[PDB]
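Enquirer:
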Amino acid sequence: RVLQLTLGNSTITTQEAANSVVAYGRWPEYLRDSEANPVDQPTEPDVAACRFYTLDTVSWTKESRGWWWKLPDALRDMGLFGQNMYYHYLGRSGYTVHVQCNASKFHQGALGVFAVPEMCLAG
Amino acid sequence: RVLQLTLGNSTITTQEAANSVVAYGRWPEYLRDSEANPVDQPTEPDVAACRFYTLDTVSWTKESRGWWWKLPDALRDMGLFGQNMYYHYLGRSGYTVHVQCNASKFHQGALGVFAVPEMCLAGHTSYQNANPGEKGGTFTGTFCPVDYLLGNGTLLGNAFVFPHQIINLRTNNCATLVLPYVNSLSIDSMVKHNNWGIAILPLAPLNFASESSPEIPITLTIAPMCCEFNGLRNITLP
Amino acid sequence: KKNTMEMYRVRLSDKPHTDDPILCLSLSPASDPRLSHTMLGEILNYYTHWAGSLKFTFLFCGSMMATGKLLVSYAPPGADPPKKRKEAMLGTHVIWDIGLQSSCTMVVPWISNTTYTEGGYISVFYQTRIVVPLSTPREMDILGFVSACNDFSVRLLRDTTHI
Amino acid sequence: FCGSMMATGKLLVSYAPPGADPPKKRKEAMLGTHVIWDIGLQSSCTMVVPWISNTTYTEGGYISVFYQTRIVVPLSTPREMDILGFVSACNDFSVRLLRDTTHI
Amino acid sequence: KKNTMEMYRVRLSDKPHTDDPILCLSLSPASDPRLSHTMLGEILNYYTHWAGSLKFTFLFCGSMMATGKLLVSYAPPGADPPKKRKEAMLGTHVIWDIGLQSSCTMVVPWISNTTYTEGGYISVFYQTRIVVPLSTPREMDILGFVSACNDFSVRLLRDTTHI
Amino acid sequence: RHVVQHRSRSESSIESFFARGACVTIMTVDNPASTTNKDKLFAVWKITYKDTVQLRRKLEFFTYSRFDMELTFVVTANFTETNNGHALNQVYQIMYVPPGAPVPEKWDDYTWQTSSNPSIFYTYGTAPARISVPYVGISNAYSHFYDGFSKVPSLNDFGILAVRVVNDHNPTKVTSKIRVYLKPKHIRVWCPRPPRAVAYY
Amino acid sequence: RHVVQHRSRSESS
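Protein chains in written order, with the deposited numbering: chain 2, 12 to 134; chain 2', 12 to 134, 142 to 160, 174 to 269; chain 3, 61 to 176, 185 to 231; chain 3', 120 to 176, 185 to 231; chain 3'', 61 to 176, 185 to 231; chain 1, 64 to 216, 233 to 280; chain 1', 64 to 76. A prime marks a further copy of an entry chain.
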């Protein structure tokens, strides 16, 4: 089984979405009417910018200690999402982070992929 | 009566669309299925780029001989239309050119607004020279093409074979031209090829009472209509 | 004026009441150097015989404040053109009030092939001089337009275009 | 607009949303959100701006006015007019947490 | 390589992460010396006008153990080809996982007659470098195949074959 | 002379106006006598309306057009010399090269044999030759005016007519002229324009 | 030059 997913002009291959986690069991959703306002006014460009963007790959080694990214920061130079992220003043968005990792059967190791709200780092 | 028209984030005021001409009685329309192809593939962004764009006003004087603009050329720096006109390779679009002109009751004169298909001018052999963009060019009475010849060796009195309107200040002071996409092809390059050309020439010259405003403003407001382009459309097979 | 923009504008002005016509246009659309090079005349030059009506349309391009009257007279063929306003009025005419309507249309019916001066005349006279409110200019321009009617007919192509 | 009944022209009333610096030229204004106000046709122009909220405790946006055309007058009519401007909240508008700070 | 068996194999290897494309093929099936002498191109040389889609198909011919990702980008006509992987990703592309599918197909639509460099590009970049389990060779080959679609159309025969 | 005429517009139709035979070129070829012969052994002419003012003007009344093309070849030869010229009846190859196809460069060029290019083999003395080329335009109408450029830093191809004499080693030089009579057919036109003067024609 | 063309294979017969 090999599932090929297309968003817009962008296609990726996934071995299977067999174990795909949803933070707090809450799927991304637009701002609901109960929490919106016709005078504090949003628009929905989830047409084109909402596509797969594939960052430059990182190289896991024996000495690697870890990597981290911020969102929506990482996508601030990523085409229409990066454009909208600067043209517009206020914005909201969920994400789907698919961390693929390509290894043989003769490699071994484990990664912990953690999604953190308000990931304030420090020295 | 004063009709206020909104396209997108853009609003203009029209005294009335009482005499608004449609070239050849054909309204702008997308490329129809009989002339389209799912393998020669268009898309329709007529959402945002298709808005009113208002060029920088020109000043009609006693000495003015005329002005001219090319399309889609004039809109090549006009926001999303200008963006699409360069990102995409092939495009088609009709237009709505609303030539407003603001004058008192103590000014007098007449303009002939002419929409020309394939308005090849001549003293021509130069892109920058033949495509002045947003500001357009001007005619002469003797490069810049000749008033009475339209540049193309062509008595202006016969120019009324083209889609046109007459802005005679004593009567109406505005004109509207609804231009459909006209070309030998259903779709074509916008950057290499201008389909339409607007030409505004004072038929009757400007004149006015003693210490009136010496030069009145002619304002062009061009709205793309049924703007559609190529065609990034790729099929990925399993 | 010829081969300029001024060759299309009949200037009205303020000057002594001479009943000489503002214009007197002969209705030879094929051979009249004025009507000859109109689109109508350009097509008629391609044919040998033709018949129908011509609608002429004079358009006033003065001030919204200007007021006055013109006499647009039609002289049928065989009649020499009228030289004075009375002769024009006692014939077929339209008194065109400028202040009320900015244009005047006139459909002439008996237009036919020259051969292979007749046809008639459309003349314009001052009925009244033009009245302006203030320092408004006392120099206006009237334009004129011509076309065939739907009835109009041509036949026996005679392309004569060489160098 | 508080000029003559004879005056004619066009103004460009542009709205710059918050976070966007104000437009400096008429083209920048036109390519954004704007209203072309014909003076000779309507003596006033209204514009409802939506995203107004508390400062803290320069942002909010801009309403700019440009000459699209210069103003045309018939005769010795003065070429010096005045436009007034008025502002109000809408029915939707909302305030809270009173902060009377009025002392001497 | 030309006029040998090696002219058909794009070699993937292990070398510094330069985002230069593995290949950048221009979609001029009639005049492009690569696509020119394909069967498609051989037939297109017999005609003057043609239009349709081309399906390209890259086939990985490495180990069953090899793993990695390639980026197969499509640049439409009028756009110069992408030079880096990010430019390619922000356009139209397919991330081809080698370990999961041994081939990748891509149907390009806007192919038409040259005249009488445009057409677009199919580029291939390393998204990831290729991962092998052991002393398995780190030098693979990808092949490429091209064909017209059923929609494809030619007309006005132009046999130009002389000595 | 002044006659009552009923409504009649049939002859002002586009077909009646345009579909009229008219000479568009006079090609010339000399017999392949190896005497002093240059250039002369074969004629070539790119089909175009821009070389005859009548058709050019009538078309430039409009912006866009479509039409088939009935070509008719009137051949006329004679001996170039006072020489008591005896010559067996000559045959003329009248090749039509479609648009975007190679042109002959020699009498013995490969193009003359090419199967693509339709050729008439006309025996002198017989009825004038004739072919009907269809609308061979790449676009959907012949454009007389094209506001636009080839590259961003007017002209349309109707084909070529090449002509040669097939008879090989002729002793007497026979000069020949082929008047090409073009007749547009099934004409459609779009977007009328003012006519030009007869100035730059 | 870049013209929209419908399906046409008659001449490739």
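Cβ atoms here follow ideal geometry from the backbone N, Cα and C, with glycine treated the same way.
Measuring only the C-alpha atoms, how far is residue 182 (chain 2') from residue 96 (chain 3)?
Expert: For residue 182 (chain 2') and residue 96 (chain 3), the distance between alpha carbons rounds to 21 Å.
Enquirer: Name the chain 2 residues whose beta carbon is nearer than 7 Å to that of residue 67 (chain 3'')?
Expert: What residue 67 (chain 3'') touches in chain 2: nothing, since even the nearest Cβ is about 29 Å away.
Enquirer: Mind checking whether residue 106 (chain 2') and residue 132 (chain 2') have CB atoms under 8 Å apart?
Expert: No.
Enquirer: Give a yes or no on whether the C-beta atoms belonging to residue 106 (chain 3'') and residue 163 (chain 1) are separated by under 8 Å.
Expert: Against a cut-off of 8 Å, the Cβ pair of residue 163 (chain 1) and residue 106 (chain 3'') comes out as no contact.
Enquirer: Assign residue 146 (chain 2') to buried or exposed, taking buried as 16 or more other Cβ atoms, counted over all protein chains shown, within 10 Å of its Cβ.
Expert: Exposed, since its Cβ has fewer than 16 Cβ neighbours within 10 Å.
Enquirer: When the distance is taken between beta carbons, is residue 126 (chain 2') closer than 8 Å to residue 110 (chain 2')?
Expert: Cβ distance not < 8 Å, so residue 110 (chain 2') and residue 126 (chain 2') don't count as in contact.
Enquirer: Quick check: the Cα distance between residue 192 (chain 3'') and residue 83 (chain 3''), rounded to an integer number of angstroms?
Expert: So the two alpha carbons sit approximately 5 Å from each other.
Enquirer: Taking residue 127 (chain 3') and residue 114 (chain 2') to be in contact with their CB atoms under 8 Å, please state how far apart those CB atoms are, rounded to whole angstroms.
Expert: Going by Cβ atoms, the distance from residue 127 (chain 3') to residue 114 (chain 2') rounds to 7 Å, so yes, they are a contact pair.
Enquirer: Check residue 133 (chain 1) in the structure and name its three-state DSSP category.
Expert: Residue 133 (chain 1) falls in the strand class under three-state DSSP.
Enquirer: Per the contact definition of three or more C-beta pairs closer than 8 Å, is the region 244 to 251 of chain 1 in contact with the region 125 to 144 of chain 3''?
Expert: The region 125 to 144 of chain 3'' is not in contact with the region 244 to 251 of chain 1.
Enquirer: Any beta carbon from chain 1 within less than 8 Å of residue 135 (chain 3)'s own beta carbon?
Expert: So, not an interface residue.
Enquirer: Just to confirm, are residue 130 (chain 3') and residue 240 (chain 2') a CB contact at a threshold of 8 Å?
Expert: It is not a contact, given that the beta carbons lie outside the stated cut-off.
Enquirer: Cutting at 6 Å between CB atoms, please list the residues of its own chain near residue 140 (chain 2'), excluding the five before and the five after it.
Expert: Between 134 and 142, chain 2' has no modelled residues, which means residue 140 (chain 2') does not appear in the coordinates.
Enquirer: So with Cβ pairs under 8 Å, would you call residue 130 (chain 3) a contact of chain 2'?
Expert: Not one chain 2' Cβ lies under 8 Å of residue 130 (chain 3).
Enquirer: Buried or exposed: which applies to residue 230 (chain 3''), given that a residue is buried once 16 or more other Cβ atoms fall within 10 Å of its Cβ?
Expert: Classification for residue 230 (chain 3''): exposed.
Enquirer: Please list the residues of the region 222 to 250 of chain 2' that have a C-beta atom closer than 8 Å to any C-beta atom in chain 1, keeping them in chain order.
Expert: Flagged, chain order: 222, 223, 224, 225, 226, 228.
Enquirer: What in chain 1 is Cβ-close to residue 197 (chain 3''), meaning under 7 Å?
Expert: The contacting residues do not exist; residue 197 (chain 3'') stays about 40 Å from chain 1 at best.
Enquirer: Looking at residue 117 (chain 3'') and residue 213 (chain 3''), is the spacing between their C-beta atoms short of 8 Å?
Expert: Cβ atoms of residue 213 (chain 3'') and residue 117 (chain 3''): closer than 8 Å.
Enquirer: If you follow the beta strand (DSSP E) that residue 196 (chain 2') is in, where does it begin and where does it stop?
Expert: Here the beta strand (DSSP E) through residue 196 (chain 2') covers 195 to 199.
Enquirer: Thinking residue 257 (chain 1) and residue 242 (chain 1) are a contact (beta carbons under 8 Å), I'd like their distance in whole angstroms, please.
Expert: Confirmed, Cβ separation roughly 5 Å.
Enquirer: Tell me, to the nearest whole angstrom, how far the beta carbon of residue 160 (chain 3'') is from that of residue 13 (chain 2); I am working on the premise that it is less than 8 Å.
Expert: The pair is a contact, with the Cβ atoms about 5 Å apart (cut-off 8 Å).
Enquirer: Listed in chain order, which residues of the region 255 to 269 of chain 2' have Cβ atoms closer than 9 Å to some Cβ of chain 3''?
Expert: Of all residues in the region 255 to 269 of chain 2', 261, 262, 263, 264, 265, 266, 267, 268, 269 have a Cβ within less than 9 Å of some Cβ in chain 3''.
Enquirer: Is residue 97 (chain 2') buried or exposed, if buried means 16 or more other CB atoms sit within 10 Å of its CB?
Expert: The residue in question, residue 97 (chain 2'), is exposed, as its Cβ has fewer than 16 Cβ neighbours within 10 Å.
Enquirer: Please confirm if residue 127 (chain 3'') has its CB atom under 8 Å from at least one CB of chain 2.
Expert: True, the Cβ-Cβ gap to chain 2 drops below 8 Å.
Enquirer: Taking C-beta pairs closer than 8 Å, name the residues in chain 1 that residue 96 (chain 2') reaches, listed in chain order.
Expert: None at all; the shortest Cβ gap to chain 1 is about 12 Å.
Enquirer: For residue 27 (chain 2'), decide whether its Cβ has a neighbour in chain 1', counting only Cβ atoms nearer than 8 Å.
Expert: For residue 27 (chain 2'), the answer is no, since every Cβ of chain 1' falls outside 8 Å of its Cβ.
Enquirer: Against residue 202 (chain 2'), what residues of chain 3 qualify as contacts under a CB-to-CB distance less than 7 Å, listed in chain order?
Expert: Correct list: 162.
Enquirer: Note down, in chain order, every chain 2' residue with its Cβ under 9 Å from the Cβ of residue 17 (chain 2).
Expert: Within 9 Å Cβ-Cβ: 267.
Enquirer: In chain 3, what lies closer than 7 Å to residue 179 (chain 2') by C-beta?
Expert: By Cβ distance, chain 3 contributes 63, 64, 65.
Enquirer: Compute the Euclidean distance between the alpha carbons of residue 33 (chain 2) and residue 158 (chain 3''), then round it to the nearest angstrom.
Expert: Going by the C-alpha atoms only, they are around 28 Å apart.
Enquirer: Per DSSP, which residues does residue 84 (chain 3'') bridge with? Please list them.
Expert: Paired residues: 191 (chain 3'').
Enquirer: Closer than 8 Å by beta-carbon distance: list the chain 1' residues that pair up with residue 47 (chain 2'), in chain order.
Expert: Neighbours of residue 47 (chain 2') on chain 1', chain order: 67.
Enquirer: I need the boundaries of the alpha helix (DSSP H) containing residue 91 (chain 2), first residue and last residue.
Expert: Segment 90 to 98, the alpha helix (DSSP H) holding residue 91 (chain 2).
Enquirer: Would residue 149 (chain 3'') pass as an interface residue toward chain 2 - the criterion being a Cβ-Cβ separation below 8 Å?
Expert: It does; some Cβ of chain 2 falls within 8 Å.
Enquirer: Start and end of the beta strand (DSSP E) containing residue 208 (chain 3)?
Expert: Segment 208 to 216, the beta strand (DSSP E) holding residue 208 (chain 3).
Enquirer: Do the region 69 to 86 of chain 1 and the region 143 to 153 of chain 1 touch if we need at least three Cβ pairs shorter than 8 Å?
Expert: The region 69 to 86 of chain 1 vs the region 143 to 153 of chain 1: no contact.
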